[PDB]
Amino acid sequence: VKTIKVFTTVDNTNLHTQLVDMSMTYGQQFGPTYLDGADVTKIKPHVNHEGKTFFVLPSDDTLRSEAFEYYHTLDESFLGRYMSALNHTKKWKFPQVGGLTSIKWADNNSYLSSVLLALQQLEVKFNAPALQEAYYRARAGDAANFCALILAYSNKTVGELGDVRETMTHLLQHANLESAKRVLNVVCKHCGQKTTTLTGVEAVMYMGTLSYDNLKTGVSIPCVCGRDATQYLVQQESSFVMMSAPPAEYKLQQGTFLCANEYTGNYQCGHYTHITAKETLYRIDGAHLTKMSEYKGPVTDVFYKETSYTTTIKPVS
């Protein structure tokens, strides 16, 4: 029996020493096995594999513990889906555009580029070590791992069409939003006032208007009495908010928002570009940049910086 020595891992930190038989596939020995993202399950060890690190599926208690602590998921399919995505995302290009890590277009990835571009402008931290480590690398321009993780956490595959708002929602479940807090009032001329408090991801997301000012001044919403009521923001504590709405023509003006994305197309297929407010507005389409003093188009998500906001609106007399 001839062997080579390799290391297996689920977290790239804890490495497990292995001796593998050259006459058996990696699948016969570890099960699903990946070398820099590439699926090597069906092949036999090569002399050139000596001393290399391989990713494996968590197949014992130690590996399962390490995977859980690193990824913050109990989903047995996770590593396999992560590696499957990584084999493609490692081939993507991550140019710096307007000082931000972007993604050159490939594999229907414009929604992912808009997610990545927006995150870099938010004061946000991830809890899962896998995301912390990969996000740091992504900020540094090395974003393949982070992109593959976005796909794995979102239960999406490379090439699948996607929604920035939905993807952001998945990612933010793993962000530290423990102190994010939103208080909303709803006032009806007949029914009076009702108040609710939202925390975590729900405190920083909204679907119905792009305008943070509108949420502050009043959004018309149906009341159970059959009349219209007014919903408004009483208090917000978070480092940002994301305001979303079905795509519609909207004007982005300098000095009024952090960043945004627009969706051009229809409900069957569209394409995203990102707009960031710098010394002027920058529209970022993958590797491409267009500078402009304002942007009018089918905006669907707008991000705003926040610290603490308290309303000036008083209860009705």
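Residue positions are given as counts along the sequence shown, with the first one as 1.
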{"query": "Comparing 32 to 40 with 253 to 261, the one whose average Cα B-factor in the PDB entry is higher", "finding": "32 to 40"}
{"query": "Which of 125 to 133 and 220 to 228 has higher mean CA B factor, as the PDB entry lists it", "finding": "220 to 228"}
{"query": "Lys181, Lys93, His170, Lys194, ranked by C-alpha B-factor: the highest one", "finding": "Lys194"}
{"query": "Residue of maximum C-alpha B factor among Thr300, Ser23, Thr9, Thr307, per deposited coordinates", "finding": "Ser23"}
{"query": "Third of chain Cα B-factors occupied by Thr273", "finding": "lowest"}
{"query": "Third of chain Cα B-factors occupied by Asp285", "finding": "lowest"}
{"query": "Chain thirds of CA B-factor: placement of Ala143", "finding": "middle"}
{"query": "Ranked against its chain, the third holding the CA B-factor of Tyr111", "finding": "lowest"}
{"query": "CA B-factor placement of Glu160, once the chain's modelled residues are sorted into thirds", "finding": "middle"}
